[PDB]
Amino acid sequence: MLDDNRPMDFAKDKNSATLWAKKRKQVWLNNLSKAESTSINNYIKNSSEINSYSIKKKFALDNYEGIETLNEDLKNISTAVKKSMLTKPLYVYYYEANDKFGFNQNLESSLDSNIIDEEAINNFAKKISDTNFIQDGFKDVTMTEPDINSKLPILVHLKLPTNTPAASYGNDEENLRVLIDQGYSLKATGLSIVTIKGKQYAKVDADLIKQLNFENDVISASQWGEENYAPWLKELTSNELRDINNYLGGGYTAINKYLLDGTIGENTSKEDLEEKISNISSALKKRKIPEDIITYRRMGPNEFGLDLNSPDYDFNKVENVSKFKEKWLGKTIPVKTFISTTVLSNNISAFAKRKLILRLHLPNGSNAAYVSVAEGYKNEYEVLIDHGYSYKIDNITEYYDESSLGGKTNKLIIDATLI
């Protein structure tokens, strides 16, 4: 009922925005548990810390204790906002940085700070297409077109669909914000220039979408693999099953080395390698990925032309993160090798200290399989991707892994699209 006579978009009508939010926020607060009241209060005081923490937690090792009360806030904020789901779409607004669209070209013209550079905006148009932008942590927004200057170059005009958990909160009763639950992504649906207060901003029209992404959800992940790839396991020829099994159990080292640059062990044969590759690849073509899905990979430095002892690989120095972002952002990288990925965001013991975390949008219809359906892959959550695809690099986001086992280092989250 609270959405009855509001529009989908309040535009600049700050007064209508307020009336709607007030009645909504009052009812929602009286529906909260004390633990939820407290956690939403914590989100007002330090939303940044909480959101940063959600990232650390999801990419952690299994035995990650973390910080107790922020585990609580993560849960309570999530259950809180689910008590305030929209009954019809709501457009919302917020100023945004270059970073969140993986864009590092200045959008301002050099001549007039009020005027957007034409070639910049053209590259931006290319860059934001064919990409779902994952939004980490919670996202709080506003109800109307901002009326004040921004130092940021972009205005996002974001459509929240029906049933989005989206709660009215805040200290300023005449400018209540909207608190959006975890787990969502952004898909652009338009680009234009808007002029607010004499200045031009790049306006991104976008839809808020939900991609399948299990993060730490082990029960859901495996249930998905079983349902979608047990028949696949049934149909494997003997040799296909054998050589998938060889690959998985340690054969990958020699197989991907060979795919990468043709290396053969002296006791190894060329023909054995080619036969193994042909049986694995043929297997990976038998049942296309049935729905868009995020998968993850702890990547070694060699995958970006870096050695473990290369100086450029020290991401604890600000300068090295910048030159890496300079080098790979927007780039398409061919992948000659099979790609071992995991559908869980969890760090993995054998690869705990790798600094490069792939977060891959794996499209419907890709030649890949949930191989851990096979017997004796308890605790394995692998999707294996056919060789010869490519990475479109969408974004690079740093976070700091404080853990002793993780390597007490900054690490780079590489959002990418398989093409």
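Whichever C-alpha set is largest while still superposing within 1.5 Å between the two forms counts as the rigid core. Start at 1 and count along the sequence shown; that's the residue number.
Trainee: Which of these two stretches, 269-277 or 154-162, has the larger RMS Cα offset in 4 other deposited structures of this protein when the rigid core is kept aligned?
Mentor: Farther on average in 4 other deposited structures of this protein: 269-277.
Trainee: Determine, for 340-348 and 305-313, which one has C-alphas that on average lie farther from this form in 4 other deposited structures of this protein; superpose on the rigid core first.
Mentor: After superposing on the rigid core, the more displaced stretch in 4 other deposited structures of this protein is 305-313.
Trainee: In the PDB record, does 391-399 or 8-16 carry the higher mean Cα temperature factor?
Mentor: The entry gives the higher C-alpha B-factor average to 8-16.
Trainee: Between 288-296 and 84-92, name whichever shows the higher mean Cα B factor according to the PDB entry.
Mentor: Here the higher of the two C-alpha B-factor means belongs to 84-92.
Trainee: Out of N132, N163, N216, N347, which one has a C-alpha B factor higher than all the others in the entry?
Mentor: Within the set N132, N163, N216, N347, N163 shows the top C-alpha B-factor.
Trainee: Tell me, please, which of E382, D386, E375, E49 has the highest C-alpha B factor according to the deposited entry?
Mentor: Of the candidates given, the C-alpha B-factor peaks at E375.
Trainee: Quick one: classify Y247 as lowest, middle or highest third of the chain based on its Cα B-factor.
Mentor: Lowest third of the chain for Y247's C-alpha B-factor.
Trainee: Sorting the chain's CA B-factors, does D136 end up in the lowest, middle or highest third?
Mentor: Its C-alpha B-factor, which the entry lists for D136, ranks in the lowest third among residues of this chain.
Trainee: Relative to the other modelled residues of the same chain, rank the CA B-factor of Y53 and answer lowest, middle or highest third.
Mentor: Within its chain, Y53 is a middle-third residue by C-alpha B-factor, going by the deposited values.
Trainee: Quick one: classify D172 as lowest, middle or highest third of the chain based on its Cα B-factor.
Mentor: Highest third, going by the recorded CA B-factors of the chain.
Trainee: When the modelled residues of the chain are sorted by Cα temperature factor, does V27 land in the lowest, middle or highest third?
Mentor: It falls in the top third of the chain.
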